[PDB]
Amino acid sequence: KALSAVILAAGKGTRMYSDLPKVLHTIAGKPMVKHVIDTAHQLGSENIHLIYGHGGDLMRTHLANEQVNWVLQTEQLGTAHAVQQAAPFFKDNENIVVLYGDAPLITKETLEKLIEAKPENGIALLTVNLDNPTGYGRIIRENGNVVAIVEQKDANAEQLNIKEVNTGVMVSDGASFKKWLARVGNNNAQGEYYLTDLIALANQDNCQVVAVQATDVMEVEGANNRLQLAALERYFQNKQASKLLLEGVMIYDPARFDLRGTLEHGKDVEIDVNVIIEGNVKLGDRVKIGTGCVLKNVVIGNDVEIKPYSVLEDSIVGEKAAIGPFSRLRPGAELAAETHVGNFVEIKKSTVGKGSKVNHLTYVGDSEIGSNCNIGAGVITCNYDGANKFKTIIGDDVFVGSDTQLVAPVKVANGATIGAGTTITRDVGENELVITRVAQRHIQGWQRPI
């Protein structure tokens, strides 16, 4: 039957010592709560009820495009009170899964298993085994069905040795939630309405509560501070790296690899140590990425080698291209097949045609460069003062001599040759050779001050 989700995301996260609310801190480049929202969507959730409160304006701005129901909680009275804020929107005939915005690593696979196990009119409770369960609510089974969650302070000597504990994640139908949430009381040391009390209330109605164990404890771990957040980050990155390794990506050291988005890859892709992949990246067959590279939102064709300490963003690189080391591709850089970009070169919002080379100490911005061009060392595209970033157009088979300035707007036609040290302000015609006439003074017998 249908499914909807409730995500608790109202927490201040005081121990983060941040102006952000708790769930907006990122794992792998995206907010903890976004991980959970995405997981909820992957499960096929019809509605996603987001319980929010602290940092409300920041939540709204940071998650503006998320397809969620914004349930603004005015006061924090416990998890049961939080869930009950969304209860009026529950369908009687749908399943509801309760999730936590500060526990981001819960997987679709584990939640599918939880939902599957839910008995009619009953509850499916996600549990986990801990080597040291001290502090956590112990799962008491009579059958394989949960009759109680006994808290640390109430447990007898025998119960304290129970390793299986409550995670707080649970599934039940909407009608049952609406029914039981209205019966939850707050007579306890904290004065809070606990969602945990639904296990008791379910048993009061002779409805069975089934336990389902999480595969990894890190799926249910929350982040209360940045040390814990860093632990989740490393676990997540290791898991991502392991998946890629088993898919056939050669990651030289998975402990020194970071994926912050999505990676599409071909076969025989090699990634050296300390590479960061951000946004949506596509790598073709036999792509080799050297140490220290940063790729953000890029498409890299087959057989490309990116040499060390290259930074690429919002760019496209054709097959058999060679980039780096120390290359910078800024947004809008489009390199054709078999191109060459070398050290201390910056390309911004420019197209570079097949076979062309830009190998040293050069800035190319707002330009179109044709096929088989030779852009010499020290070449710079620039503008007049007060300009609006006008374009430099370079044709096919053009030689641009070293340390030449190309002053936009300007066009250099096919087959043109430009001598070293030239300032190009007027258009250059097809097969036109332009060389600078220098005036020099030569003084003989100049003894250096040494």
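Think of the rigid core as the biggest set of C-alphas that the two forms share within 1.5 Å after superposition. Start at 1 with the first residue shown and count on from there.
Put simply, when the other structures in 9 other deposited structures of this protein are lined up on the rigid core, the C-alpha atoms of 386-394 lie farther off than those of the other stretch, from 386-394 and 22-30. Superposing each structure in 9 other deposited structures of this protein on the rigid core shows that the farther-lying of 294-302 and 115-123, by root-mean-square Cα distance, is 115-123. When 128-136 is weighed against 335-343, 128-136 comes out higher, by mean CA B-factor as recorded in the entry. Set 141-149 against 78-86 and average the Cα temperature factors; 141-149 ends up higher. Across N374, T262, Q213, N297, the greatest Cα temperature factor reported in the deposited entry is at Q213. In this entry, the residue among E319, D268, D366, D92 with the greatest C-alpha B factor is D92. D258 sits in the lowest third of its chain by CA B factor, as recorded in the PDB entry.
The PDB entry assigns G185 a C-alpha temperature factor belonging to the highest third of its chain's modelled residues. For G44, the recorded CA temperature factor ranks within the highest third of the chain's modelled residues. Ranked against the other modelled residues of its chain, the C-alpha B-factor of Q67 as given in the entry falls in the middle third. The PDB entry assigns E278 a C-alpha temperature factor belonging to the lowest third of its chain's modelled residues.
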